[PDB]
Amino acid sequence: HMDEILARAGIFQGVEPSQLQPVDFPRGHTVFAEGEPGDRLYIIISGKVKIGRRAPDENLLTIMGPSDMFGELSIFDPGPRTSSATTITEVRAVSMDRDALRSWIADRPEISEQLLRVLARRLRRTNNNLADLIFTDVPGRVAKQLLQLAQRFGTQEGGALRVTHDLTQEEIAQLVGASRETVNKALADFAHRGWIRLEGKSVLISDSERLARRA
């Protein structure tokens, strides 16, 4: 489990199995808050972490899962955390500070490149998500967010995909950037069309082809 998942984290890709001790967090734990000094990045081994940024008075930007890396901004560009990280399931994680990062990094520049590729990918994606917030209708952003979650945690379930996302309705709405009421009706409508099925903290996507067209 751990070895299989960790190998896919960019900071470990290609690296053979080379005591930075893995930490455990309860569900609903704030790993760190927006604005705090930060000396540490984390790699998720298991569980989900939501990344949130407070509004003038909290909109979710993304859901981090197994293999993903969060909190690297303040290590790469020293500054306060640009958002909060909050576990939504129990999380088992491995973390490292600037010192260890640099140690691990001096070893290999290709790891440096993998890390760059993560930030570029986030930057590429940043444009698109931001353009959606300017240009895309609500129901369309819902379909879109569902598929974004589908590609990250989706698995094959008898010729369809099960996307177990672990989010409340409220957290889904905070991810889309719209009201819970509006987000629900869109979800509801997708359901009556039979493109998706809502089952607790998981959606069953029967027709991703359609949901894609709608996105």
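The first residue of the shown sequence is 1; numbering continues from there.
Where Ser18 is followed by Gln19 in the displayed chain, the model omits 4 to 9 of the deposited residues that sit between the two. The stretch of deposited sequence separating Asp57 from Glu58 contains 1 to 3 residues lacking coordinates in this entry.
Relative to one another, 123-131 and 104-112 have unequal mean CA B-factors, and 104-112 is the one with the higher figure. Per-stretch averaging of Cα B factors for 174-182 and 40-48 places 174-182 on top.
Of all the options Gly158, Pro26, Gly154, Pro66, the entry's greatest CA B-factor is assigned to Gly158. In the PDB entry, a CA B factor belonging to the lowest third of its chain's modelled residues is recorded for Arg117. Ranked by Cα temperature factor within the chain, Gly71 sits in the lowest third according to the deposited record.
In this PDB entry, the Cα temperature factor of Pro78 sits in the bottom third of its chain's modelled residues, the lowest group.
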